[PDB]
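One chain comes next, on its own, written as structure tokens: the form deposited in one PDB entry.
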């Protein structure tokens, strides 16, 4: 160790400074995913499908994930429309063996995984915690939205380390930074705050072989928010600086930014796409 500058963050970086990637001098080339394999969980759903389709547009092979809604037709659509390889996989991400077995099969079928989006999740819809005496629903949120995200990260991390490269994006939420109102949802906020800081912690630990970042969406027009009445949505609009909910298409730019070589010095960051909601 004499004769080396040793990192205070992660000695597995080796003697410092590490060396910067060789990048195209053209900014547009940086956003390409040509020759790359992406795996997007929760990709039978709103945000996941938008991101998955966009990764296919950028040139990537895409592994689609679903649980209770088969998305084989979505994978088939990606191959016929963009000519990339795509397949759909059924997995309950609360089951850690099933996560391990799904990702291991994806690595076999696609050869590798370059980009991973840990996106599947469920909401809390039962109002204030004080009145839910039964711990099933807390356990459901923690299992899927926190433990399941860690199962995906821990297994994909081993592939990134073997190959020496990778980009992990975790879908967090503004709920990891603020407390949603008027719908009270403490267990979901707790899990998403944990997701956001897990991303920062893994960014440190994986730095020799991968980048880890989060997207924190605001209110996005998907079916996840269909439990909400008109008067509750109206209050969301009143508190959003842009004055509306976002579209799933307004998120894909950030997911592509983080997945691609546009962001090779970006790690441990939280990219907020929320119409300004976290500012007031």
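Residue numbers count along the first chain shown, from 1. C-alpha atoms forming the largest set that superposes within 1.5 Å between two forms make up the rigid core.
FYI, the form deposited in another entry isn't displayed, but the following is about it.
Here the rigid core is superposed between this form and the one not shown, and of 79, 163, 180, 94 the C-alpha of 180 is the only one to shift by 2 Å or more. In the core-superposed comparison between this form and the one not shown, the C-alpha atom of residue 123 has shifted by at least 2 angstroms. Once the rigid core is overlaid between this form and the one not shown, residue 194 does not reach a Cα shift of 2 Å, moving by less than that.
Compared with the form shown here, the Cα atoms of residue 177 and residue 238 sit 3 Å or more closer together in the other entry.
Here's the thing about residue 209 and residue 177: their CA atoms end up at least 3 Å farther apart in the other entry than they are in this form.
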